[PDB]
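S.K.: sequence and experimental coordinates follow.
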Amino acid sequence: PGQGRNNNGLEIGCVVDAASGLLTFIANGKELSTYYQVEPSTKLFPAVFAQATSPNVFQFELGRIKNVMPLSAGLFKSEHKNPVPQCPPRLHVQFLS
Amino acid sequence: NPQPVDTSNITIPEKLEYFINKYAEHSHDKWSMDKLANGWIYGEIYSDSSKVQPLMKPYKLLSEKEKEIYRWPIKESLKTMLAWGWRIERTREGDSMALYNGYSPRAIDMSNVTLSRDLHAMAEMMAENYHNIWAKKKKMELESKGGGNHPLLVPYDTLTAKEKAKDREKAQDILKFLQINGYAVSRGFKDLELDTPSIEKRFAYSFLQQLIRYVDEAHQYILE
Amino acid sequence: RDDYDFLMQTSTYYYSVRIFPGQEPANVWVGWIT
Amino acid sequence: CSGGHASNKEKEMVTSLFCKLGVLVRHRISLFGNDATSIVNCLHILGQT
């Protein structure tokens, strides 16, 4: 729709299928047309490239949607079967320098 | 003695009607937010003691008579902004939403919206106009009263940050809402042509031209 | 709401990014990198 | 190299300054009320310029 989105900050949702390699993106509750198919054993790092136009730019919301594991259940082996989203201290934001 | 930039002659274009709208709406929304924060309630009678407000109905249910004087500051703001010649360009997504088409307590948190520093100088100087308007009206009121002086009547740069705060923040909120709408605001004109190749364009050449002219005048004086 | 059996047997993972209001979305890219 | 380049028009008109003030100060030290030292300083620095 463009323009007004202030009802809630633009929520781009990244969905990864580790069994098929399908990369689908959810934007404000609707699936986007762009999809990426990757090859087996690919290690994908969650990443955001942004140019700062405000003091608050973006936020890594580590959560879950209906019928999907959170990112922690895939990142960590000890939390493989835990549907509750988590953010252990090991995970942290890195920047290219 | 401050003169505000007069703009009574200038008129708003029709393409700015769509901007006049939704800003009538947004100002009504934020005014209702302030009222509900103060405990104002939707009551048909406007009694201050019981805190019942008949203006809580949405903008569409609001009457046009109170929509005037309401739209008045918005009208003068856009009029003055155009009076400098500054141009605003509307983007396609605006008309897309146009054709797309109890009370509603949704408001926009505009604090994190940021303008450029050019837009900041823009807002500062147009806000200086706003302070000049206020100073002119207060000067007229005070000379009519014939006695007194006001501490904030001092010149704009003489005002402090907290004193400027109201005028500045209303300046940014209007220009930021404009930017998020997509009306591309810029200065009236851009440099048609600058004579950079001019050898006299530099300071040194003009200085030494003045110097040689004055020293030759002094020469014919000294001959005299 | 969500089916626990499907939910435990699935291998799909999700994270989301909130672009804050006032930050131009055209200057923000979201996804995965290797 | 960060700028600081007078044009050749600059330099020719500077030479015009030098020549014209020489013409002025030709035998006029008596008229100059002891500022003749200022003229002498000015002509040195111009000679270096």
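M.R.: Arrived safely, thanks for sending. Numbers count the residues shown, from 1 in each chain, chains lettered A, B, ... in the order given.
S.K.: before we move on, which element is the residue nearest to the spatial centre of chain D in?
M.R.: What sits nearest the mean C-alpha location of chain D, by C-alpha atoms, centre = their mean, is residue D:18, with 3.8 Å. Residue D:18 is part of helix D:8-25, with elements assigned from DSSP states H and E.
S.K.: packing partners for that helix?
M.R.: If contacts are counted by 3 or more C-beta pairs under 8 Å, 6 or more residues apart in numbering or on different chains; DSSP states H and E, helix D:8-25 sits against helix B:203-223, helix D:36-48. C-beta coordinates here come from the backbone N, C-alpha and C atoms, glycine included.
S.K.: for the residue in chain A positioned nearest to chain B, helix, strand, or coil?
M.R.: Nearest to chain B, among the residues of chain A, is residue A:2, at 3.7 Å (C-beta to the nearest C-beta). Following DSSP: H, G, I helix; E, B strand; the rest coil, residue A:2 is assigned to coil.
S.K.: so how far is residue B:182 from it?
M.R.: As for residue A:2, its distance to residue B:182 is 8 Å (criterion: C-beta to C-beta, to the nearest Å).
S.K.: can you check residue A:76 too?
M.R.: Distance from residue A:76 to residue B:182, by C-beta to C-beta: 43 Å.
S.K.: likewise for residue B:45?
M.R.: When C-beta to C-beta is the yardstick, residue B:45 and residue B:182 sit 41 Å from each other.
S.K.: more crowded one of the two?
M.R.: Set side by side, residue B:45 and residue B:182 show more neighbours around residue B:182, with 16 against 8, by other C-beta atoms under 10 Å in any protein chain shown.
S.K.: first-to-last residue distance for stretch D:26-42?
M.R.: Terminal residues of stretch D:26-42 are spaced 14 Å apart (C-alpha to C-alpha, to the nearest Å).
S.K.: for residue B:189, which non-adjacent residue is spatially closest?
M.R.: The spatially closest residue to residue B:189, leaving aside those adjacent along the chain, is residue B:85, at 6.7 Å (C-beta to C-beta, 6 or more residues apart in numbering or on different chains).
S.K.: dump the residue contacts of the one you found.
M.R.: B:187, B:188, B:189 (C-beta atoms under 8 Å, 6 or more residues apart in numbering or on different chains).
S.K.: same deal with residue B:76?
M.R.: Going by C-beta under 8 Å, 6+ apart, the list of residues near residue B:76 reads residue B:7.
S.K.: which is the next helix or strand following the helix or strand hosting it?
M.R.: Secondary structure here is read from DSSP H and E; on that basis residue B:76 sits in helix B:71-83. Once helix B:71-83 ends, the next helix or strand along the chain (criterion: DSSP H and E) is strand B:87-89.
S.K.: quick check: buried residues in that following strand?
M.R.: Of the residues in strand B:87-89, those buried by neighbour count under the rule 16 or more other C-beta atoms under 10 Å in any protein chain shown are residue B:88.
S.K.: may I have the strands that pair with it, each with its orientation?
M.R.: Its sheet considered, strand B:87-89 pairs with strand B:184-186 (antiparallel) by DSSP bridges.
S.K.: rewinding a little: tabulate the helices and strands packed on helix D:8-25 (a markdown table), appending distance to chain C and mean neighbour count.
M.R.: Below are the helices and strands packed on helix D:8-25 laid out as a markdown table (distance: least, C-beta to the nearest C-beta, whole Å; neighbours: other C-beta atoms under 10 Å in any protein chain shown):
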| stretch | distance to chain C | mean neighbour count |
| --- | --- | --- |
| helix B:203-223 | 40 | 12 |
| helix D:36-48 | 55 | 11 |
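S.K.: distance to residue C:27 for those - can I get that in JSON lines?
M.R.: Rendered in JSON lines, the data for these read as follows (distance: least, C-beta to C-beta, whole Å):
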{"stretch": "helix B:203-223", "distance to residue C:27": "40"}
{"stretch": "helix D:36-48", "distance to residue C:27": "55"}
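S.K.: turn those helices into TSV, columns for distance to chain A.
M.R.: Formatted as TSV, the entries for the helices and strands packed on helix D:8-25 read as follows, by distance: least, C-beta to the nearest C-beta, whole Å:
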stretch	distance to chain A
helix B:203-223	38
helix D:36-48	51
